[PDB]
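Below is one structure, written out as structure tokens, with a few remarks after it.
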Amino acid sequence: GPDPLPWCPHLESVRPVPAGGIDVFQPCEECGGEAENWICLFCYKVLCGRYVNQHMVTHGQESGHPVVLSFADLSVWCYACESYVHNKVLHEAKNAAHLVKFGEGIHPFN
Ligand code: NI
Ligand code: NI
Ligand SMILES: [Zn+2]
Ligand SMILES: [Zn+2]
Ligand SMILES: [Zn+2]
């Protein structure tokens, strides 16, 4: 991706990863779209991206939850900043998604 912001003012809208973790195989909760899905890092709803039916950007506006994670490449987008963001706050969510997607953590045990 492009060089992300190292921080943004919306990182408080990043909540703990739920007990069930981040399952990258979930389709869009609104249209059932199978690919290009994103997960909201506030409420962990799974909705399609801008290349599908724009359900995540709609949710982001209606809820005021601006920080979302991509199932396709595990990048994190902020709607309020209109930018990719990378910060330690996002480490847990990126690792949880990587664990389901690739069967191991970002830094596996030796
Ligand atoms: Ni990092
Ligand atoms: Ni990896
Ligand atoms: Zn949300
Ligand atoms: Zn959708
Ligand atoms: Zn932001």
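Computed from the coordinates by the stated procedures, all read-outs in this text should not be read as laboratory data. Heads up, the Cβs are rebuilt from the backbone with ideal geometry, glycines too, and the neighbour counts pull from every protein chain shown.
Testing the spin-label approximation: label points 7 Å from Cα along Cα→Cβ at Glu12 and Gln61. State their distance in nm.
It works out to 2.5 nm between the two label points.
What FRET efficiency comes out for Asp23 versus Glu82 if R0 is 30 angstrom and r is the Cβ-Cβ distance? Round to the nearest 0.05.
About 0.65, to the nearest 0.05.
Based on the Cβ-Cβ distance from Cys31 to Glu92, what FRET efficiency comes out when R0 is 22 Å, to the nearest 0.05?
FRET efficiency, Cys31 to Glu92: 0.20.
Under the classification rounded if a/c is under 1.5, otherwise prolate if a/b is larger than b/c and oblate if not, where does the chain fall, given a ≥ b ≥ c as square roots of the Cα gyration tensor eigenvalues?
oblate
Need the list of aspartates and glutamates near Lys88 for cross-linking: C-alpha distance under 14 angstrom, and skip anything on the same chain fewer than eight residues off.
Straight-distance partners of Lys88: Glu12.
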